[PDB]
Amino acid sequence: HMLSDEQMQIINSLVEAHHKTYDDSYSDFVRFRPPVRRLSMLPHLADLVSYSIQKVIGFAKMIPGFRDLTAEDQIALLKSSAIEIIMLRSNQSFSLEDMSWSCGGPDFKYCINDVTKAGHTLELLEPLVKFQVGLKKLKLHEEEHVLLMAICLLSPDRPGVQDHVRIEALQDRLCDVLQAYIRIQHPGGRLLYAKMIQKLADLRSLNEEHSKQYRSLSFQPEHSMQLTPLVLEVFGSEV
């Protein structure tokens, strides 16, 4: 039943990588452009995501097996899954009491109306908050939450991957660690693995709807100029 020494070392490396790339106090948020309550919240949220992308890359470089991939596969995996990984780690700040992301006082409390002040319609915000509620109800352990992000990041079905045979080999080896951990250390999780895999397909729909609204913004220069060079590079179509 129990895990092996090499499977637990994968857990020791992912949890440590997440602690090194996530701040539960959100102290670096003051270095962003201030939030403003056309598209007033766009500068603050653009810095918030650009800051998150830097942390996702730091977390990716510490995933066992990710660094041995080619530099092109690392880019294709990061570009197509960046917004999905960000939506996963954003649940750590989401709260079911106010139905919003809480990162500080009234300034860093991102309600549903605040994201509307960035150009996003309710066609994406309605399933996104629905995703945060369903994910928050799972009460995932810290090991399970960091495993879901590594599995979502190592997906072979990403546009631009080349050696997708090794990518599937790394993802399935990451899936076996999660599937076994729930059987051993998570009581009442006889159906948890299927619910987490279901959340991956939900992120694909959130990724698709996000890319349509971002594409509409990227063509208008008076709005895309408020973005950061990293966001334009990750969410861009260059290859």
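By rigid core we mean the largest C-alpha set that fits within 1.5 Å across both forms. We number the residues from 1 along the sequence you see.
With everything overlaid on the rigid core, name the stretch, 105-113 or 91-99, whose CA atoms wander farther on average in 9 other deposited structures of this protein. Between 105-113 and 91-99, the one lying farther away in 9 other deposited structures of this protein is 105-113.
In terms of residues present in the deposited sequence but not modelled, what lies between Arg37 and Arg38: none, 1 to 3, 4 to 9, or 10 or more? The entry has 10 or more unmodelled residues between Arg37 and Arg38.
Looking only at CA atoms, which has the higher mean B factor in the entry: 190-198 or 204-212? Result: 190-198.
Going by the average Cα B-factor in the PDB entry, point out whether 73-81 or 109-117 comes out higher. Of 109-117 and 73-81, the stretch with the higher C-alpha B-factor average is 109-117.
Deposited CA B-factor, highest of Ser25, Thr228, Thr21, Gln220: Reading the PDB entry, the winner on C-alpha B-factor is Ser25.
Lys139's Cα B-factor: lowest, middle or highest third of the chain? Middle third, going by the recorded CA B-factors of the chain.
Using only modelled residues of the chain, where does the Cα B factor of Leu170 rank: lowest third, middle third or highest third? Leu170: CA B-factor falls in the middle third of its chain.
Classify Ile151 as lowest, middle or highest third according to the C-alpha B-factor given in the PDB entry, relative to its own chain. CA B-factor rank for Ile151: middle third.
Within-chain third of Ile86 by Cα B-factor, per the entry: For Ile86, whose C-alpha B-factor we compare with every modelled residue in the chain, the answer is the lowest third.
For the chain shown, is the CA B-factor of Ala46 in the lowest, middle or highest third of its modelled residues? As the PDB entry reports it, the C-alpha B-factor of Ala46 lands in the lowest third of its chain.
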